[PDB]
Structures are given as structure tokens and as C-alpha cells.
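Enquirer: Let me give you the structure first, and then I'll get to my questions.
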Amino acid sequence: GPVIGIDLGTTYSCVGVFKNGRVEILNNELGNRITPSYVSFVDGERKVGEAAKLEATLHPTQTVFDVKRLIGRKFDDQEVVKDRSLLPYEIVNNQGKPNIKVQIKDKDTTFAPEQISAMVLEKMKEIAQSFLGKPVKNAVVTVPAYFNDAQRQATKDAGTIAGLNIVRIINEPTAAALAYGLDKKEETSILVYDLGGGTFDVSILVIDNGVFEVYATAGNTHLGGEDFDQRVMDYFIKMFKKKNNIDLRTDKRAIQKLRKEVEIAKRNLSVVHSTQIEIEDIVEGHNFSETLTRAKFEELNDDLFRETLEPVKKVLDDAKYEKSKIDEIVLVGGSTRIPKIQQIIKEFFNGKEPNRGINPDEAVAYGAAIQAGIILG
Ligand SMILES: CSC[C@H]1O[C@@H](n2cnc3c(N)ncnc32)[C@H](O)[C@@H]1O
């Protein structure tokens, strides 16, 4: 049968297939190659992807996301304690493990993380099945290099619930290295810098005659593009209050519309220097109309950008590496498109240029699909 490749991210998933010697990253029903990893339990309907994410504004307790943060962990782990204080849906202690509690037609329903991750995997499986026009029973799925055996097994269990035999778990750094086609001959040390929507991961990956080994990993579990958007949100909320005596935080719908336009403005500012943020009637009778510059975008976030270097120094220290020991720098995650991120990494490495792709949000899924192709021969 076919074997598909799935990047099960914290904020998103992405599915690719290997067919007729090419990787195709597939579109969901809304025509997008990235699917938000959200599941909503509102009004007797279950939604997965963007349609669930849209429910978060008016139904925050019924809209599940970031389940990757919980999968395979214990309820009393320090990281899960923090996530429970951050996440708006109820997390319960089931025999020492975090479970998710929502209502379906007002009835309390509890799910293991792998049950919610399975719903995400089912949607990715259906995209592949529709594209390939045949059933899919096997996948390569990605995990973070820091995932332990329980976190990997819980991911495989998510696959089994979705009717996917996970034939190989590959770490996210290896997937990136397969996607960029890094030479497998001889010995190469690679710094894989992965800045996503919610999480930052850095790894030292060494490739030695076709054998991949992650020598060290570090990161920031609560640092990504969503935090850069919030810094911009915070600034324009203060400004709109100064100018109009309106606190936009008082209207959740107003915040949802602003966040959407701020994320587009931020993407624009990876290519241009000035962009307009515009919402007609952000509240009734009050337009939002502002200019954001790249300089102001960077000023609002430059502490968060520089914080990404602390895990870089940690992995170099863990591996007993000089900066010079790194042969190539590979950027993954959409947020590596920010010009200042690229500049900061270049300058830390005493002037050495990072390799970046052109679809860095899809590189991990792409490498998972390559791994599927490798396994089939
Ligand atoms: C799945 S990675 C998606 C993350 O990358 C960010 N991202 C994608 N493209 C860009 C871009 N052009 N500039 C800045 N951030 C981007 C998105 O805003 C989100 O935070």
C-alpha cells in the first residue's frame, strides 16, 4: 500500500505523498497546505482544522489545540502544570496523565491526547486518500528530537486510532535534513533552527555516511510567530485606546479580526518595509487603520528574536562544539522568513550564512514523505 508522510506540529499539521518520483504536499478542503491542529466540540458538531480554530473566539473551553504539549506526559510534570494554566479547555488528571474534558451535547466527555491527535491524523489520511484515490493504512510521522519513548509511543497510538500504522517515527531534524537533501556521505554537523507558530527548537544533527544522530537539542516551548503577533496586538491595542477611548480587549470578535490582520501584516513585512492594517468597523462605527513598519515590528520583538540564541548557545555547549564546528545552518518553520531572524543567526555564527528553503513551513512534512519513499524502495 502507500506510505504517506505527516508533520504533526504543535500548531499545525502537513501531509505529503511520494508519487511518480516527486513529493506532493497536499491541500486540505480549504486549499491550504498547512492545517491548524485544532478540534472543536460545539453544538453537537466536531470540526477539525481552520473551521475548529474559528470556534476558539466564542467557544474557548470547547476548542482543543496544542495537544502535542500534553501527549505522552504526566499531569504533574512541570511543563503540563504550566500548559494547564495557559490552555482554556479543561485538563483532568486521569491516573497520573493529562486528559482533555469538553462537552458534546452538554455531556462531559474526556479524551486522551492521542484521541485528539488521531482526529488530526484522520483528516491528513483522508486528504492523502482523496488525492491518491486509494486507502492509506501506513505513514511516517515526525516528532521532536527531545520526545521520549512514552511521547513517541503515544504518537504511534494516535496513528493506530486513526487507522494508520506508523511504520517509522523520524525526528524533526532528520526530516529537515532529508528535505534539503543534505549530503549523506562523509561527516557533516548541521544546526537545525526551527521557529514555528508556537515553539522554537534547535538541534545539532550529525550525518555520518548515511547515519543521522541528533547530538544535542534545546529550545523554548512558548516562543514562536504567535508571540510576535501578540507583541504587535499589544502595541496597537494601547494606541487605539489612546486615540479612540476604546479598549479592543473588551470585544473578543474585535481581537479575532485584529489578530488575523496582524499575522498578514507580519508576513508582508518579511518582503516590504511598510504595510497597512485595516479592519472596517472593528467595533460598530470605528474603523481600525494603522501602518506598521518593519523597524517597529523588529523593535516590538527584538528581545524575543534574541532569546532564540540562548538555546543555540546551549546546544553548542551540550555538544562541546565551537561555532566553527557547524558546517551548515538549516532554517525550518514559517517564522524563519523574518529577515531579522536570519540576520541574528548569521551574526551569531561570526558572519556565516544560514541555508533557508523557500517553503520552510512544509520542509518537515516534505522530509517525512522522502522517508516514506526511502522505506518503500
Ligand atoms: C507552521 S509555521 C507558521 C508560522 O510561521 C509564520 N510565518 C509564515 N510565513 C511568514 C512570513 N512570511 N513572515 C513571518 N512569519 C511567517 C506564521 O505567522 C506562523 O507564526
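Labels used: A, B, ... for chains in the order of the C-alpha cells, numbers from 1 for residues in each chain, and numbers from 1 for ligands as shown.
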Using backbone DSSP assignments, extract all strand (DSSP E or B) residues from stretch 84-117 of chain A; output them as a list in words.
Expert: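 For stretch 84-117 of chain A, the strand (DSSP E or B) set is residues 90, 91, 92, 93, 94, 97, 98, 99, 100, 101, 102, 103, 104, 107, 108, 109, 110 and 111 of chain A.
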Enquirer: Could you list, as a PyMOL selection string, all residues that come within 7 Å of ligand 1? Count only C-alpha atoms and all ligand atoms.
Expert: chain A and resi 11-12+34+196-198+224-226+263+266-270+333-338+361
Enquirer: Per residue of stretch 261-370 of chain A within 9 Å of stretch 177-187 of chain A, note the shortest atom pair and the distance in Å to one decimal, counting only C-alpha atoms, and order the rows by chain and increasing residue number, as a tab-separated table.
Expert:
```
residue	atom	partner	partner_atom	distance
A:330	CA	A:177	CA	8.0
A:356	CA	A:180	CA	9.0
A:357	CA	A:180	CA	7.5
A:363	CA	A:179	CA	5.7
A:364	CA	A:179	CA	6.9
A:365	CA	A:179	CA	8.3
A:366	CA	A:179	CA	5.6
A:367	CA	A:179	CA	4.2
A:368	CA	A:178	CA	7.9
A:369	CA	A:179	CA	8.7
A:370	CA	A:178	CA	6.7
```
Enquirer: Restricting it to C-alpha atoms, dump the selection as a PDB file, in the first residue's frame.
Expert:
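Generated file (selection-v8.pdb):
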```
ATOM      1  CA  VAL A 330      19.166  24.914   8.099  1.00  0.00           C
ATOM      2  CA  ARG A 356      16.905  28.515   4.260  1.00  0.00           C
ATOM      3  CA  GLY A 357      14.345  26.834   1.994  1.00  0.00           C
ATOM      4  CA  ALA A 363      10.121  21.218   4.870  1.00  0.00           C
ATOM      5  CA  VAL A 364       9.483  18.722   7.744  1.00  0.00           C
ATOM      6  CA  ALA A 365       6.425  17.157   6.035  1.00  0.00           C
ATOM      7  CA  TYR A 366       8.458  17.079   2.794  1.00  0.00           C
ATOM      8  CA  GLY A 367      11.248  15.118   4.526  1.00  0.00           C
ATOM      9  CA  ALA A 368       8.724  12.736   6.129  1.00  0.00           C
ATOM     10  CA  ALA A 369       7.398  11.991   2.588  1.00  0.00           C
ATOM     11  CA  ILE A 370      11.015  11.414   1.399  1.00  0.00           C
TER      12      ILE A 370
END
```
Enquirer: Which polymer residues have any atom within 10 Å of an atom of residue A:373, counting only C-alpha atoms, with same-chain residues fewer than 5 positions away left out, as a PyMOL selection string?
Expert: chain A and resi 2-5+17-19+21-23+140+367-368
Enquirer: Could you save those same residues with C-alpha atoms as a short mmCIF file (atom, residue, chain, number, x, y, z; two decimals), in the first residue's frame?
Expert:
```cif
data_model
loop_
_atom_site.label_atom_id
_atom_site.label_comp_id
_atom_site.auth_asym_id
_atom_site.auth_seq_id
_atom_site.Cartn_x
_atom_site.Cartn_y
_atom_site.Cartn_z
CA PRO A 2 1.01 3.67 0.04
CA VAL A 3 3.03 5.25 2.85
CA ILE A 4 2.38 8.99 3.44
CA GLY A 5 4.45 11.48 5.42
CA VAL A 17 2.91 11.82 -0.57
CA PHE A 18 5.77 10.41 -2.73
CA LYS A 19 4.33 9.56 -6.18
CA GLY A 21 9.28 10.27 -8.05
CA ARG A 22 8.01 13.58 -6.59
CA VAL A 23 6.86 14.78 -3.13
CA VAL A 140 5.93 8.18 8.54
CA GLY A 367 11.25 15.12 4.53
CA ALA A 368 8.72 12.74 6.13
#
```
Enquirer: Excluding residue A:164 and residues on its chain fewer than 3 positions from it, collect all residues at most 7 Å away from it, counting only C-alpha atoms, and give them as a compact mmCIF listing (two decimals) with C-alpha atoms, in the first residue's frame.
Expert:
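Result went into around-v4.txt, see below:
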```txt
# COMPACT_ATOMS: atom_id res chain seq x y z
CA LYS A 137 -3.00 2.50 6.13
CA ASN A 138 0.71 3.45 6.69
CA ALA A 139 2.62 6.71 7.46
CA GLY A 159 -1.80 6.67 14.44
CA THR A 160 -3.42 3.30 15.39
```
Enquirer: Can you list, as a list in words, every protein, DNA or RNA residue that comes within 9 Å of residue A:191 when you count only C-alpha atoms, leaving out same-chain residues fewer than 6 positions away?
Expert: residues 173, 202, 203, 204, 205, 206, 312, 326, 327, 328, 329, 330 and 331 of chain A
Enquirer: List the neighbours of stretch 236-247 of chain A out to 12 Å using only C-alpha atoms; skip same-chain residues closer than 6 positions along the sequence, and give me the result as a list in words.
Expert: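 Within the cut-off, the hits are residues 229, 230, 254, 255, 258, 259, 261, 262, 277, 278, 282, 283, 284, 285, 286, 287, 288, 289, 290, 291, 292, 296, 297 and 300 of chain A.
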Enquirer: Taking only C-alpha atoms into account, name the residue in A:115, A:95, A:188, A:129 that is nearest to residue A:325.
Expert: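 Smallest separation from residue A:325 among the options: A:188.
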Enquirer: With only C-alpha atoms as the basis for distance, which of A:352, A:294, A:74, A:152 is at the shortest distance from residue A:92?
Expert: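 Counting only C-alpha atoms, the residue closest to residue A:92 is A:74.
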Enquirer: How would you write, as a PyMOL selection string, the set of residues in stretch 6-142 of chain A that DSSP gives as alpha helix (DSSP H)?
Expert: chain A and resi 50-55+78-86+113-132
Enquirer: Could the residues of stretch 156-253 of chain A that have an atom at most 12 Å from stretch 147-150 of chain A be listed as a Markdown table, each with its closest atom pair and the distance in Å to one decimal, counting only C-alpha atoms and ordered by chain and ascending residue number?
Expert:
```
| residue | atom | partner | partner_atom | distance |
| --- | --- | --- | --- | --- |
| A:156 | CA | A:150 | CA | 9.8 |
| A:157 | CA | A:150 | CA | 10.2 |
| A:169 | CA | A:147 | CA | 10.5 |
| A:170 | CA | A:147 | CA | 10.6 |
| A:171 | CA | A:147 | CA | 8.4 |
| A:172 | CA | A:147 | CA | 10.2 |
| A:201 | CA | A:147 | CA | 11.9 |
| A:214 | CA | A:147 | CA | 11.9 |
| A:217 | CA | A:147 | CA | 10.5 |
| A:218 | CA | A:147 | CA | 11.7 |
```
Enquirer: In terms of the shortest atom-to-atom distance over only C-alpha atoms, which of A:86, A:279, A:67, A:345 is closest to residue A:306?
Expert: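 The answer is A:345, which sits nearest to residue A:306.
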Enquirer: Please tabulate, as JSON lines, the residues of stretch 214-268 of chain A that come within 7 Å of stretch 50-58 of chain A, each with its closest pair of atoms and the distance in Å to one decimal, counting only C-alpha atoms and ordering rows by chain, then residue number upward.
Expert:
```
{"residue": "A:252", "atom": "CA", "partner": "A:57", "partner_atom": "CA", "distance": 6.5}
{"residue": "A:253", "atom": "CA", "partner": "A:57", "partner_atom": "CA", "distance": 6.9}
{"residue": "A:256", "atom": "CA", "partner": "A:57", "partner_atom": "CA", "distance": 6.7}
```
Enquirer: Please produce a file of those selected residues containing N, CA, C and O atoms, as a PDB file, in the first residue's frame.
Expert:
```pdb
ATOM      1  N   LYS A 252     -14.214  40.438  22.062  1.00  0.00           N
ATOM      2  CA  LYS A 252     -13.400  39.258  21.639  1.00  0.00           C
ATOM      3  C   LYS A 252     -13.378  39.152  20.108  1.00  0.00           C
ATOM      4  O   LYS A 252     -12.342  38.791  19.550  1.00  0.00           O
ATOM      5  N   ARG A 253     -14.501  39.463  19.466  1.00  0.00           N
ATOM      6  CA  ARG A 253     -14.621  39.474  17.993  1.00  0.00           C
ATOM      7  C   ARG A 253     -13.629  40.477  17.394  1.00  0.00           C
ATOM      8  O   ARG A 253     -13.018  40.149  16.362  1.00  0.00           O
ATOM      9  N   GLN A 256     -10.188  39.044  17.467  1.00  0.00           N
ATOM     10  CA  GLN A 256     -10.025  37.925  16.494  1.00  0.00           C
ATOM     11  C   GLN A 256      -9.726  38.559  15.131  1.00  0.00           C
ATOM     12  O   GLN A 256      -8.799  38.121  14.447  1.00  0.00           O
TER      13      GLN A 256
END
```
Enquirer: If we count only C-alpha atoms, what is near residue A:351 at a cut-off of 12 Å, once residues fewer than 4 positions away on the same chain are taken out, given as a PDB file with N, CA and C atoms, in the first residue's frame?
Expert:
```pdb
ATOM      1  N   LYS A 323      31.510  27.335  17.440  1.00  0.00           N
ATOM      2  CA  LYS A 323      30.565  27.765  16.393  1.00  0.00           C
ATOM      3  C   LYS A 323      31.093  27.242  15.066  1.00  0.00           C
ATOM      4  N   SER A 324      32.426  27.271  14.861  1.00  0.00           N
ATOM      5  CA  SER A 324      33.068  26.903  13.564  1.00  0.00           C
ATOM      6  C   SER A 324      32.756  25.445  13.175  1.00  0.00           C
ATOM      7  N   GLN A 342      17.049  35.785  10.418  1.00  0.00           N
ATOM      8  CA  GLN A 342      18.153  35.336   9.554  1.00  0.00           C
ATOM      9  C   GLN A 342      19.427  36.112   9.855  1.00  0.00           C
ATOM     10  N   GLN A 343      19.314  37.430  10.043  1.00  0.00           N
ATOM     11  CA  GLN A 343      20.443  38.344  10.323  1.00  0.00           C
ATOM     12  C   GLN A 343      21.091  37.973  11.641  1.00  0.00           C
ATOM     13  N   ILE A 344      20.277  37.836  12.686  1.00  0.00           N
ATOM     14  CA  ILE A 344      20.744  37.489  14.038  1.00  0.00           C
ATOM     15  C   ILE A 344      21.528  36.154  13.992  1.00  0.00           C
ATOM     16  N   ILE A 345      21.040  35.149  13.290  1.00  0.00           N
ATOM     17  CA  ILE A 345      21.680  33.797  13.242  1.00  0.00           C
ATOM     18  C   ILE A 345      23.038  33.944  12.506  1.00  0.00           C
ATOM     19  N   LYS A 346      23.033  34.525  11.308  1.00  0.00           N
ATOM     20  CA  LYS A 346      24.257  34.902  10.525  1.00  0.00           C
ATOM     21  C   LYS A 346      25.299  35.561  11.421  1.00  0.00           C
ATOM     22  N   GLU A 347      24.925  36.580  12.184  1.00  0.00           N
ATOM     23  CA  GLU A 347      25.876  37.356  13.011  1.00  0.00           C
ATOM     24  C   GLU A 347      26.377  36.523  14.200  1.00  0.00           C
TER      25      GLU A 347
END
```
Enquirer: Which one of A:307, A:234, A:251, A:362 sits closest to residue A:24 if you count only C-alpha atoms?
Expert: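 Using only C-alpha atoms, the shortest distance to residue A:24 belongs to A:362.
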